[PDB]
Amino acid sequence: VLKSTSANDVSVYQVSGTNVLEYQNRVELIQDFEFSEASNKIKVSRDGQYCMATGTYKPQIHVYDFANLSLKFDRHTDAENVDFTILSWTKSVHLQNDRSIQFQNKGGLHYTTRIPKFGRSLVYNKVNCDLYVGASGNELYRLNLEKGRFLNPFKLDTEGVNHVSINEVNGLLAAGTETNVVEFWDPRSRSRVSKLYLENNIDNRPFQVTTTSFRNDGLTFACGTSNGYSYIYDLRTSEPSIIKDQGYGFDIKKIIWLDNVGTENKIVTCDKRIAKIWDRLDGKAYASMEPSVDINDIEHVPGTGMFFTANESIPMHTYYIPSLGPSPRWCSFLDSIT
Amino acid sequence: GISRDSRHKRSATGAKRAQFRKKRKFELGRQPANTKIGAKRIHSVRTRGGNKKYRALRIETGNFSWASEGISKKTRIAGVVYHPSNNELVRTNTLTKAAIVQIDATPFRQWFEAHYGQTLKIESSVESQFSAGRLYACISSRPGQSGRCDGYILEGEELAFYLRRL
Amino acid sequence: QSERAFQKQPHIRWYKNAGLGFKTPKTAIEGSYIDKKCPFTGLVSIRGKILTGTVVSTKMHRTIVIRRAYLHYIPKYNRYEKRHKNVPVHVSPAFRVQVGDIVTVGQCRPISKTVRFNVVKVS
Amino acid sequence: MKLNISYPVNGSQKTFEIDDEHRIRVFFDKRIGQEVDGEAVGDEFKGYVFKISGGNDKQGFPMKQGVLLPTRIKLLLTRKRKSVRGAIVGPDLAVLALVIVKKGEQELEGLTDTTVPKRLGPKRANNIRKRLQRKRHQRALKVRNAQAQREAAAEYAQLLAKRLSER
Amino acid sequence: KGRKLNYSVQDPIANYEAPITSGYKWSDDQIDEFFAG
Amino acid sequence: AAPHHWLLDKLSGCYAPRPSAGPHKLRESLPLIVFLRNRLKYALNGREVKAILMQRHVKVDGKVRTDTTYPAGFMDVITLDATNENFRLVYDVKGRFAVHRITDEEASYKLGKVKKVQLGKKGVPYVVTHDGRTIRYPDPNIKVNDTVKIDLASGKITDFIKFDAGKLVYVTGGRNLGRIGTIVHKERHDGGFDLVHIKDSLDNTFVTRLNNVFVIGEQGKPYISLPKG
RNA sequence: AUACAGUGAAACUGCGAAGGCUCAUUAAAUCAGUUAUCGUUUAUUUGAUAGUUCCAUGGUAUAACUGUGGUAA
RNA sequence: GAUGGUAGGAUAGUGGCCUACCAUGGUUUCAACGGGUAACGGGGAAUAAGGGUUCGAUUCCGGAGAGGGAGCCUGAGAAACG
């Protein structure tokens, strides 16, 4: 029975923590989950297995098979990564800290291309297949996987963009800039539709929006900042918002929904040290997930109540919530041990 | 990294038809470890016999040197504002050689009050940081090769030499 | 004389001497020029061999393109076809070398992809 | 199933071929380290407690302590892809290993009432409980090495001083 | 600006993926009557 | 598969003995197997030259150094205990290793060209030679290409021969390899063909390098004895 | 020779193998010599080369080995 | 990256070897760059033979490969015939 941290009348558990008789009652879930002293970015594929965790020094790819509970390989890529996506299964696209883009396959490293300026984010379009890559400046580029061309790059404002995302059920391209404007483009028209401005009441310094998200209803939009302040948005009276100051507030990097499992209207926010979870329409914290080290980013596995972080320590932490949901079919005795 | 050879590229004459060779062991380009701020973790890599190389990634305890007396004392790291060997490197806030990074200068306050008595001859635009706490200082040591963060403080001429820039 | 960042300075105003029959001008001993790769103050040390010839182009800065015609005793068609050679070379604070200007250079420590020679003399 | 049982302090171990799997079903879905009672595996051994310690299944494959997933999975061990059964015990174990840490209500003429001794007493001095001439010679050679080298070094440094005075 | 923004056509990505016909589960009329304002 | 310097007859074998590492280079030395076995013929094969090396008759440079492929280079005095064999081996006029026989007061020393003088660590002047005898503390006026005289009982420099115009020089290297006569000319260039030039029977002239030449004495008085014909 | 004492299957150890075939056609860029590395790595060869001490000897944890076993292996 | 400059990365270190910024350079009719084989032949690559005058001794054709590309590891030395 794994120990649980104190919270607001709710329980969470960590597996593979910094502390995790213990040697002979080990509770290790995924073997060889440890990197070279940090972690870049972890995400779980669309199907029921094959999670991918990017590397730290001699950076790797680290695909874990969930139905084998261990590592498959580690393709030591050429440069250090910041952002990537997964395109179903075996294909995936990455971009590194330099302005280069790798295409991993089953054989690995299908191509290495580049963008003219230093990039910061990448997303893929399921409809007509053009990956949009956000970079520094006036420049939000396309690499269409149909015919391998380049497209007429989207003209931005001065400094650039920290995050780009497209909406799923209808395709509304977000681009979180530096000057508080969110710069919604249309993936149909290749033109702007709106230049929504973000406001507060504290106004410490001119914050920059760093996280953008949507969900599968296509009506709301989750917004971030460089200050530790979550925001919600709708088309219904789109000028105000609801806001969420966080108790430490450095830079929120991961805001993701719970739009496919039970216990609805709930959202996860995540800044550099803490990751919390709260409810819509009130703004009150359901739980929080305080680790012993900082967080590079997180992810949430679909269908069930578990979370996978990428942090600055040697292992990665997984966080199980036995009130948000169960443990999945490949982890189907976590509810028997704890 | 990849390589160190002229065979993949053109010389001062403009030649072609390269198709040369499988690349050897001694063209070894390791990955660029952009050293950042964190908890102190140095990877001990091997090369050329027992030539251990300290590859620092998350170093903090910078030994930065008081210039006019040469007093290399221990402090922390804040962030680099200007380094146009890559203008995105200061956007991402890494820590490489010859960068100008900010330091909470509290042990330099301790040394001044310890070997001079009073608190505050030294320049005014660094006396402002003597009062406030954060002074500018440039890294000398190589954390990607020697694994260390040493540096020198900014005192007057070199201060304005960077402040007029950015 | 400071158009770039990162503390443009000598690396330990500073002054040294390679010796071996090549003078150091007084501005290159005590002057405001940095002498990063000019061998009189410099960081490089001298070695090797010393070559002499006139120039073709000095278009870019820190690029002295020497020409070097030399005699070779051809036995094939029993006449001397005339030689020509080229070598890029870094500047020195002693002479703005224009077209003509037979000068000599000493071998040291590859600076760019193709330069091992730096000017030590003008006459 | 077969049950290997070990009484460690007496040094006894024996296997018992127990059929009739509703006796066996007490161990089911209990991973390695979690204890058990004698009451639901048997009646003739009541008040018994066994810490399980793994077991090879049919096809001989071992379980390593505490992973998950009581089917077989392919891990990386002492690094190559070896097949290893999960730590949780289910219906398809051939042998299952047990350590009895408390005798209950019946003596066993294999485990309790019969025992083996140990191997042999200790060999080291501190293990039996729980040179000086070399100490002479080491110190003497060390002070002689000092009185040779650190005097000879200055003895040719003074010859450098003679060359410098004459130069 | 040499390697900066080569507007060329590249070989392995020309058929790396394949499009989808219906795509968005909404209609384009639903787009227009979604963000008229 | 042989060099020219060893005076090695061709009707010997197929594999030639590579010398092992040691004081001198590979290209300027002869090992003990090609010395003893097939030049002055104290052996007949490798087995018995290894047998006498295990018996330890050889006393090159005053130490035993029992090895078959030990690279005896220039003027290492090979000393053999039985029949008091003292052999100083120098270069002849056509490139080979002429092994002259000397006596005990001459084999009590050798000489060596100085290569570099260093302020290495902790204020210690420093000198190396072609066998690499790092001996302590010479005078400050040791230039390059001068000649120290090693003690061969301890290692100290006993005498010193200054390199200047008017000194008796030995040339080991290039197309002048192994000539004596040292005076027609002096010419120090600035990077190549720089030397002191050597006479002949009709006092002809010759060109070499600085590092390919090294001094052995004076005009008529070298304290090395030399063979004749 | 009542704490060791020779033969010695099988195990740890030191080392051994210390350089072998086929396939598509590179014009001083494959090659040979040479200059240099105070521009650099180096096992082995060789010569050299170490000065900080307040109120009789340090700890469990693994083998080989026994013993209980699984699996067609 | 064509040519160089400044700084960093990586290096065993020199090095546009790689990246940021900047300048528009550099080779060539005194043969750039490009065209092929008796490049299974040639270049001393070397031994020469007391009459064979381009037969007549050899190192090397180019780089790879251990089923196929990819990634990693070991060592004084490797992108290992193990």
# chains A, B, ... in the order shown; residues from 1 in each chain; ligands from 1

$ residues_around --residues "segment 50-63 of chain G" --least-positions-apart "5" --cutoff "10 Å" --atoms "only C-alpha atoms (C1' of nucleotides)" --output "list in words"
residues 126, 131, 132, 146, 149 and 150 of chain D; 12 of chain G

$ residues_around --residues "segment 44-53 of chain D" --least-positions-apart "2" --cutoff "7 Å" --atoms "only C-alpha atoms (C1' of nucleotides)" --output "PyMOL selection string"
chain D and resi 32-39+42+55+97-106

$ interface_residues --of "chain C" --to "chain G" --cutoff "8 Å" --atoms "only C-alpha atoms (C1' of nucleotides)" --output "PyMOL selection string"
chain C and resi 45+47-49+109-110

$ write_last_selection --atoms "N, CA and C atoms" --output "PDB file, in the first residue's frame"
ATOM      1  N   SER C  45      51.605  31.326 -31.470  1.00  0.00           N
ATOM      2  CA  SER C  45      53.059  31.284 -31.434  1.00  0.00           C
ATOM      3  C   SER C  45      53.592  30.857 -32.794  1.00  0.00           C
ATOM      4  N   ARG C  47      56.291  29.303 -35.696  1.00  0.00           N
ATOM      5  CA  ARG C  47      56.885  27.999 -35.971  1.00  0.00           C
ATOM      6  C   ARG C  47      57.020  27.880 -37.486  1.00  0.00           C
ATOM      7  N   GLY C  48      57.525  26.739 -37.933  1.00  0.00           N
ATOM      8  CA  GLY C  48      57.363  26.353 -39.330  1.00  0.00           C
ATOM      9  C   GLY C  48      58.259  27.112 -40.283  1.00  0.00           C
ATOM     10  N   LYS C  49      57.662  27.605 -41.368  1.00  0.00           N
ATOM     11  CA  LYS C  49      58.393  28.218 -42.464  1.00  0.00           C
ATOM     12  C   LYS C  49      57.735  29.547 -42.832  1.00  0.00           C
ATOM     13  N   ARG C 109      49.291  27.783 -36.603  1.00  0.00           N
ATOM     14  CA  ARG C 109      48.031  27.566 -35.877  1.00  0.00           C
ATOM     15  C   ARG C 109      46.775  27.943 -36.657  1.00  0.00           C
ATOM     16  N   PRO C 110      46.239  27.038 -37.527  1.00  0.00           N
ATOM     17  CA  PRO C 110      45.167  27.385 -38.491  1.00  0.00           C
ATOM     18  C   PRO C 110      43.982  28.192 -37.964  1.00  0.00           C
TER      19      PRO C 110
END

$ interface_residues --of "chain D" --to "chain A" --cutoff "7 Å" --atoms "only C-alpha atoms" --output "NGL selection string"
:D and (33 or 65-68 or 73-75)

$ atom_distance --atom1 "atom CA of residue 31 of chain B" --atom2 "atom CA of residue 47 of chain B"
14.2 Å

$ interface_residues --of "chain F" --to "chain G" --cutoff "12 Å" --atoms "only C-alpha atoms (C1' of nucleotides)" --output "MDAnalysis selection string"
chainID F and resid 19:26 61 63 65 67 69:72 116 118:122 124 126:136 150 154:156 174 191:192

$ residues_around --residues "residue 28 of chain D" --least-positions-apart "6" --cutoff "8 Å" --atoms "only C-alpha atoms (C1' of nucleotides)" --output "compact mmCIF listing (two decimals) with C-alpha atoms, in the first residue's frame"
# COMPACT_ATOMS: atom_id res chain seq x y z
CA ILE D 88 1.37 -11.52 -8.84
CA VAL D 89 0.45 -15.19 -8.48
CA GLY D 90 -2.55 -16.53 -10.37
CA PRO D 91 -3.91 -19.91 -11.50

$ residues_around --residues "residue 54 of chain C" --least-positions-apart "6" --cutoff "9 Å" --atoms "only C-alpha atoms (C1' of nucleotides)" --output "list in words"
residues 65, 66, 67, 68, 69, 99, 100, 101, 102, 103 and 104 of chain C

$ write_last_selection --atoms "C-alpha atoms" --output "PDB file, in the first residue's frame"
ATOM      1  CA  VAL C  65      45.562  37.164 -50.453  1.00  0.00           C
ATOM      2  CA  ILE C  66      49.228  36.774 -51.383  1.00  0.00           C
ATOM      3  CA  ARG C  67      50.426  35.783 -54.842  1.00  0.00           C
ATOM      4  CA  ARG C  68      53.626  33.769 -55.095  1.00  0.00           C
ATOM      5  CA  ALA C  69      55.364  33.188 -58.427  1.00  0.00           C
ATOM      6  CA  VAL C  99      48.162  45.919 -54.863  1.00  0.00           C
ATOM      7  CA  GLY C 100      51.814  45.066 -55.337  1.00  0.00           C
ATOM      8  CA  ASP C 101      53.506  45.052 -51.915  1.00  0.00           C
ATOM      9  CA  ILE C 102      55.795  42.036 -51.662  1.00  0.00           C
ATOM     10  CA  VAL C 103      55.355  40.852 -48.061  1.00  0.00           C
ATOM     11  CA  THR C 104      56.185  37.714 -46.099  1.00  0.00           C
TER      12      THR C 104
END

$ residues_around --residues "residue 3 of chain E" --least-positions-apart "3" --cutoff "10 Å" --atoms "only C-alpha atoms (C1' of nucleotides)" --output "list in words"
residues 114, 115 and 116 of chain A; 6 of chain E; 1 of chain H

$ interface_residues --of "chain E" --to "chain H" --cutoff "12 Å" --atoms "only C-alpha atoms (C1' of nucleotides)" --output "PyMOL selection string"
chain E and resi 1-4

$ atom_distance --atom1 "atom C1' of residue 56 of chain H" --atom2 "atom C1' of residue 43 of chain H"
19.0 Å

$ select_by_dssp --residues "segment 15-157 of chain B" --states "helix (DSSP H, G or I)" --output "PyMOL selection string"
chain B and resi 89-92+106-115+124-132+157

$ write_last_selection --atoms "C-alpha atoms" --output "PDB file, in the first residue's frame"
ATOM      1  CA  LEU B  89      19.752  31.353 -25.902  1.00  0.00           C
ATOM      2  CA  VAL B  90      18.805  34.307 -23.699  1.00  0.00           C
ATOM      3  CA  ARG B  91      15.137  33.677 -24.498  1.00  0.00           C
ATOM      4  CA  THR B  92      15.548  30.139 -23.135  1.00  0.00           C
ATOM      5  CA  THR B 106      25.189  39.159  -0.719  1.00  0.00           C
ATOM      6  CA  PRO B 107      28.583  37.430  -0.016  1.00  0.00           C
ATOM      7  CA  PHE B 108      30.308  40.335  -1.768  1.00  0.00           C
ATOM      8  CA  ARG B 109      28.421  42.567   0.678  1.00  0.00           C
ATOM      9  CA  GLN B 110      29.713  40.321   3.476  1.00  0.00           C
ATOM     10  CA  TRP B 111      33.318  40.590   2.263  1.00  0.00           C
ATOM     11  CA  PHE B 112      33.123  44.383   1.841  1.00  0.00           C
ATOM     12  CA  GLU B 113      31.639  44.826   5.314  1.00  0.00           C
ATOM     13  CA  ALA B 114      34.183  42.322   6.678  1.00  0.00           C
ATOM     14  CA  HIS B 115      37.392  43.815   5.249  1.00  0.00           C
ATOM     15  CA  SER B 124      28.206  54.316  -8.791  1.00  0.00           C
ATOM     16  CA  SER B 125      26.336  52.116 -11.279  1.00  0.00           C
ATOM     17  CA  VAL B 126      27.746  49.092  -9.438  1.00  0.00           C
ATOM     18  CA  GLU B 127      27.183  50.798  -6.071  1.00  0.00           C
ATOM     19  CA  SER B 128      23.493  50.682  -7.005  1.00  0.00           C
ATOM     20  CA  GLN B 129      23.840  46.890  -7.117  1.00  0.00           C
ATOM     21  CA  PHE B 130      25.906  46.986  -3.911  1.00  0.00           C
ATOM     22  CA  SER B 131      22.739  48.481  -2.407  1.00  0.00           C
ATOM     23  CA  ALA B 132      20.095  46.425  -4.243  1.00  0.00           C
ATOM     24  CA  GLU B 157      34.444  49.940 -17.835  1.00  0.00           C
TER      25      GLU B 157
END

$ atom_distance --atom1 "atom CA of residue 62 of chain C" --atom2 "atom CA of residue 85 of chain C"
18.7 Å

$ closest_residue --among "H:3, H:74, H:11, H:27" --to "residue 15 of chain B" --atoms "only C-alpha atoms (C1' of nucleotides)"
H:27

$ closest_atom_pairs --of "chain E" --to "segment 128-145 of chain A" --cutoff "6 Å" --atoms "only C-alpha atoms" --output "CSV"
residue,atom,partner,partner_atom,distance
E:13,CA,A:145,CA,5.6
E:16,CA,A:145,CA,5.6
E:17,CA,A:145,CA,5.7
E:19,CA,A:128,CA,4.7

$ select_by_dssp --residues "chain D" --states "strand (DSSP E)" --output "mmCIF file with N, CA, C and O atoms, in the first residue's frame"
data_model
loop_
_atom_site.group_PDB
_atom_site.id
_atom_site.type_symbol
_atom_site.label_atom_id
_atom_site.label_comp_id
_atom_site.auth_asym_id
_atom_site.auth_seq_id
_atom_site.Cartn_x
_atom_site.Cartn_y
_atom_site.Cartn_z
ATOM 1 N N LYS D 2 2.409 -26.905 -6.697
ATOM 2 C CA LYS D 2 3.350 -27.340 -5.686
ATOM 3 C C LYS D 2 3.743 -26.141 -4.842
ATOM 4 O O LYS D 2 3.943 -25.040 -5.364
ATOM 5 N N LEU D 3 3.827 -26.355 -3.536
ATOM 6 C CA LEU D 3 4.154 -25.307 -2.584
ATOM 7 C C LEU D 3 5.509 -25.640 -1.986
ATOM 8 O O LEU D 3 5.641 -26.625 -1.254
ATOM 9 N N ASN D 4 6.516 -24.849 -2.329
ATOM 10 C CA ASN D 4 7.787 -24.897 -1.628
ATOM 11 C C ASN D 4 7.646 -24.082 -0.355
ATOM 12 O O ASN D 4 7.150 -22.958 -0.396
ATOM 13 N N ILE D 5 8.020 -24.658 0.785
ATOM 14 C CA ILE D 5 7.938 -23.972 2.067
ATOM 15 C C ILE D 5 9.305 -24.053 2.732
ATOM 16 O O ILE D 5 9.983 -25.083 2.650
ATOM 17 N N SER D 6 9.717 -22.956 3.368
ATOM 18 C CA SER D 6 11.029 -22.854 3.999
ATOM 19 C C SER D 6 10.883 -22.268 5.398
ATOM 20 O O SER D 6 10.382 -21.150 5.555
ATOM 21 N N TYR D 7 11.312 -23.032 6.409
ATOM 22 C CA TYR D 7 11.504 -22.561 7.774
ATOM 23 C C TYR D 7 12.965 -22.165 7.900
ATOM 24 O O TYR D 7 13.833 -23.047 8.021
ATOM 25 N N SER D 12 15.090 -25.575 7.158
ATOM 26 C CA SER D 12 14.305 -26.665 6.607
ATOM 27 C C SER D 12 13.521 -26.153 5.416
ATOM 28 O O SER D 12 13.098 -24.997 5.400
ATOM 29 N N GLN D 13 13.333 -27.013 4.419
ATOM 30 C CA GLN D 13 12.589 -26.639 3.226
ATOM 31 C C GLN D 13 12.066 -27.897 2.558
ATOM 32 O O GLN D 13 12.794 -28.883 2.431
ATOM 33 N N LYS D 14 10.807 -27.849 2.132
ATOM 34 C CA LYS D 14 10.189 -28.994 1.478
ATOM 35 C C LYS D 14 9.045 -28.527 0.593
ATOM 36 O O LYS D 14 8.392 -27.523 0.876
ATOM 37 N N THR D 15 8.818 -29.273 -0.482
ATOM 38 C CA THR D 15 7.715 -29.033 -1.398
ATOM 39 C C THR D 15 6.555 -29.965 -1.086
ATOM 40 O O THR D 15 6.747 -31.087 -0.616
ATOM 41 N N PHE D 16 5.344 -29.483 -1.353
ATOM 42 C CA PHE D 16 4.118 -30.228 -1.102
ATOM 43 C C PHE D 16 3.184 -30.034 -2.283
ATOM 44 O O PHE D 16 2.809 -28.901 -2.596
ATOM 45 N N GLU D 17 2.832 -31.132 -2.947
ATOM 46 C CA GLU D 17 1.978 -31.103 -4.134
ATOM 47 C C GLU D 17 0.531 -31.006 -3.682
ATOM 48 O O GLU D 17 -0.116 -32.008 -3.373
ATOM 49 N N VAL D 49 1.623 -18.758 8.871
ATOM 50 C CA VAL D 49 1.762 -17.551 8.066
ATOM 51 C C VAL D 49 2.988 -17.701 7.175
ATOM 52 O O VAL D 49 4.058 -18.120 7.631
ATOM 53 N N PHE D 50 2.812 -17.427 5.886
ATOM 54 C CA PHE D 50 3.869 -17.606 4.905
ATOM 55 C C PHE D 50 4.043 -16.318 4.121
ATOM 56 O O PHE D 50 3.097 -15.839 3.492
ATOM 57 N N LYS D 51 5.246 -15.767 4.160
ATOM 58 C CA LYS D 51 5.620 -14.705 3.238
ATOM 59 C C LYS D 51 6.012 -15.353 1.922
ATOM 60 O O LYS D 51 6.899 -16.212 1.898
ATOM 61 N N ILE D 52 5.337 -14.988 0.838
ATOM 62 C CA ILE D 52 5.649 -15.616 -0.439
ATOM 63 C C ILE D 52 6.941 -15.010 -0.973
ATOM 64 O O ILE D 52 7.306 -13.874 -0.652
ATOM 65 N N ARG D 72 3.008 -13.067 -18.511
ATOM 66 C CA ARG D 72 4.429 -12.948 -18.800
ATOM 67 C C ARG D 72 4.697 -11.674 -19.586
ATOM 68 O O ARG D 72 3.886 -11.267 -20.419
ATOM 69 N N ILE D 73 5.842 -11.040 -19.317
ATOM 70 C CA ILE D 73 6.245 -9.819 -20.001
ATOM 71 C C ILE D 73 7.746 -9.860 -20.244
ATOM 72 O O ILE D 73 8.487 -10.584 -19.581
ATOM 73 N N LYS D 74 8.195 -9.051 -21.193
ATOM 74 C CA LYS D 74 9.565 -9.105 -21.690
ATOM 75 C C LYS D 74 10.316 -7.863 -21.229
ATOM 76 O O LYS D 74 10.114 -6.772 -21.770
ATOM 77 N N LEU D 75 11.186 -8.036 -20.241
ATOM 78 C CA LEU D 75 11.898 -6.949 -19.590
ATOM 79 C C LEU D 75 13.372 -6.993 -19.982
ATOM 80 O O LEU D 75 13.787 -7.782 -20.836
ATOM 81 N N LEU D 76 14.173 -6.140 -19.348
ATOM 82 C CA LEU D 76 15.599 -6.021 -19.645
ATOM 83 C C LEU D 76 16.380 -6.244 -18.359
ATOM 84 O O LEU D 76 16.334 -5.408 -17.452
ATOM 85 N N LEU D 77 17.109 -7.349 -18.287
ATOM 86 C CA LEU D 77 17.768 -7.765 -17.057
ATOM 87 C C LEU D 77 19.272 -7.921 -17.271
ATOM 88 O O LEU D 77 19.811 -7.619 -18.336
ATOM 89 N N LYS D 80 19.497 -7.221 -21.778
ATOM 90 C CA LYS D 80 18.899 -7.936 -22.894
ATOM 91 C C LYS D 80 17.471 -8.323 -22.549
ATOM 92 O O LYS D 80 17.104 -8.446 -21.381
ATOM 93 N N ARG D 81 16.675 -8.546 -23.592
ATOM 94 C CA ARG D 81 15.237 -8.779 -23.459
ATOM 95 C C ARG D 81 14.988 -10.202 -22.972
ATOM 96 O O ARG D 81 14.921 -11.149 -23.753
ATOM 97 N N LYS D 82 14.825 -10.347 -21.666
ATOM 98 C CA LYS D 82 14.473 -11.623 -21.066
ATOM 99 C C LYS D 82 12.989 -11.657 -20.738
ATOM 100 O O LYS D 82 12.392 -10.643 -20.372
ATOM 101 N N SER D 83 12.397 -12.838 -20.854
ATOM 102 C CA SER D 83 11.002 -13.022 -20.488
ATOM 103 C C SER D 83 10.900 -13.356 -19.008
ATOM 104 O O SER D 83 11.661 -14.175 -18.487
ATOM 105 N N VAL D 84 9.952 -12.713 -18.337
ATOM 106 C CA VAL D 84 9.790 -12.791 -16.892
ATOM 107 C C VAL D 84 8.299 -12.739 -16.592
ATOM 108 O O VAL D 84 7.578 -11.896 -17.131
ATOM 109 N N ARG D 85 7.828 -13.672 -15.773
ATOM 110 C CA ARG D 85 6.444 -13.672 -15.337
ATOM 111 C C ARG D 85 6.225 -12.587 -14.290
ATOM 112 O O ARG D 85 7.139 -12.225 -13.548
ATOM 113 N N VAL D 95 5.311 -24.145 -9.343
ATOM 114 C CA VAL D 95 5.740 -24.119 -7.956
ATOM 115 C C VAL D 95 5.557 -22.697 -7.443
ATOM 116 O O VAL D 95 5.545 -21.733 -8.214
ATOM 117 N N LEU D 96 5.329 -22.583 -6.139
ATOM 118 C CA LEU D 96 5.217 -21.291 -5.477
ATOM 119 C C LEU D 96 5.999 -21.352 -4.178
ATOM 120 O O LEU D 96 5.794 -22.268 -3.378
ATOM 121 N N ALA D 97 6.883 -20.384 -3.969
ATOM 122 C CA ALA D 97 7.811 -20.424 -2.849
ATOM 123 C C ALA D 97 7.274 -19.634 -1.666
ATOM 124 O O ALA D 97 6.736 -18.538 -1.826
ATOM 125 N N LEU D 98 7.483 -20.176 -0.471
ATOM 126 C CA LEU D 98 6.869 -19.688 0.752
ATOM 127 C C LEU D 98 7.898 -19.752 1.867
ATOM 128 O O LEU D 98 8.715 -20.673 1.918
ATOM 129 N N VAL D 99 7.847 -18.779 2.772
ATOM 130 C CA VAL D 99 8.669 -18.784 3.974
ATOM 131 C C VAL D 99 7.734 -18.759 5.168
ATOM 132 O O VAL D 99 6.940 -17.822 5.319
ATOM 133 N N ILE D 100 7.824 -19.782 6.010
ATOM 134 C CA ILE D 100 7.003 -19.863 7.213
ATOM 135 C C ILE D 100 7.702 -19.123 8.344
ATOM 136 O O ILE D 100 8.809 -19.488 8.759
ATOM 137 N N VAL D 101 7.057 -18.069 8.836
ATOM 138 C CA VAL D 101 7.626 -17.204 9.859
ATOM 139 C C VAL D 101 6.954 -17.372 11.210
ATOM 140 O O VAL D 101 7.306 -16.650 12.152
ATOM 141 N N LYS D 102 6.006 -18.301 11.339
ATOM 142 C CA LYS D 102 5.436 -18.666 12.637
ATOM 143 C C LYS D 102 4.820 -20.046 12.516
ATOM 144 O O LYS D 102 3.955 -20.261 11.661
#

$ closest_atom_pairs --of "chain C" --to "chain H" --cutoff "8 Å" --atoms "only C-alpha atoms (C1' of nucleotides)" --output "Markdown table"
| residue | atom | partner | partner_atom | distance |
| --- | --- | --- | --- | --- |
| C:4 | CA | H:6 | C1' | 6.3 |
| C:5 | CA | H:6 | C1' | 7.8 |
| C:6 | CA | H:7 | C1' | 6.7 |
| C:59 | CA | H:25 | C1' | 7.9 |
| C:60 | CA | H:4 | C1' | 6.7 |
| C:61 | CA | H:5 | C1' | 7.3 |
| C:62 | CA | H:5 | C1' | 7.2 |
| C:63 | CA | H:4 | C1' | 6.7 |
| C:81 | CA | H:30 | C1' | 7.0 |
| C:82 | CA | H:30 | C1' | 5.1 |
| C:83 | CA | H:30 | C1' | 5.9 |
| C:84 | CA | H:30 | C1' | 6.1 |
| C:109 | CA | H:14 | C1' | 5.8 |
| C:110 | CA | H:14 | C1' | 5.5 |
| C:111 | CA | H:15 | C1' | 6.4 |
| C:112 | CA | H:15 | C1' | 5.9 |
| C:113 | CA | H:15 | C1' | 5.6 |

$ residues_around --residues "residue 21 of chain D" --least-positions-apart "3" --cutoff "10 Å" --atoms "only C-alpha atoms (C1' of nucleotides)" --output "list in words"
residues 1, 18, 24, 25, 26, 41 and 91 of chain D

$ closest_atom_pairs --of "chain B" --to "chain H" --cutoff "6 Å" --atoms "only C-alpha atoms (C1' of nucleotides)" --output "JSON lines"
{"residue": "B:4", "atom": "CA", "partner": "H:17", "partner_atom": "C1'", "distance": 4.1}
{"residue": "B:5", "atom": "CA", "partner": "H:17", "partner_atom": "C1'", "distance": 6.0}
{"residue": "B:13", "atom": "CA", "partner": "H:27", "partner_atom": "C1'", "distance": 5.0}
{"residue": "B:24", "atom": "CA", "partner": "H:79", "partner_atom": "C1'", "distance": 5.9}
{"residue": "B:25", "atom": "CA", "partner": "H:79", "partner_atom": "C1'", "distance": 5.0}
{"residue": "B:29", "atom": "CA", "partner": "H:10", "partner_atom": "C1'", "distance": 5.4}
{"residue": "B:30", "atom": "CA", "partner": "H:10", "partner_atom": "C1'", "distance": 5.9}
{"residue": "B:32", "atom": "CA", "partner": "H:9", "partner_atom": "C1'", "distance": 5.9}
{"residue": "B:84", "atom": "CA", "partner": "H:20", "partner_atom": "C1'", "distance": 5.6}
{"residue": "B:85", "atom": "CA", "partner": "H:20", "partner_atom": "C1'", "distance": 4.4}
{"residue": "B:86", "atom": "CA", "partner": "H:20", "partner_atom": "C1'", "distance": 3.9}
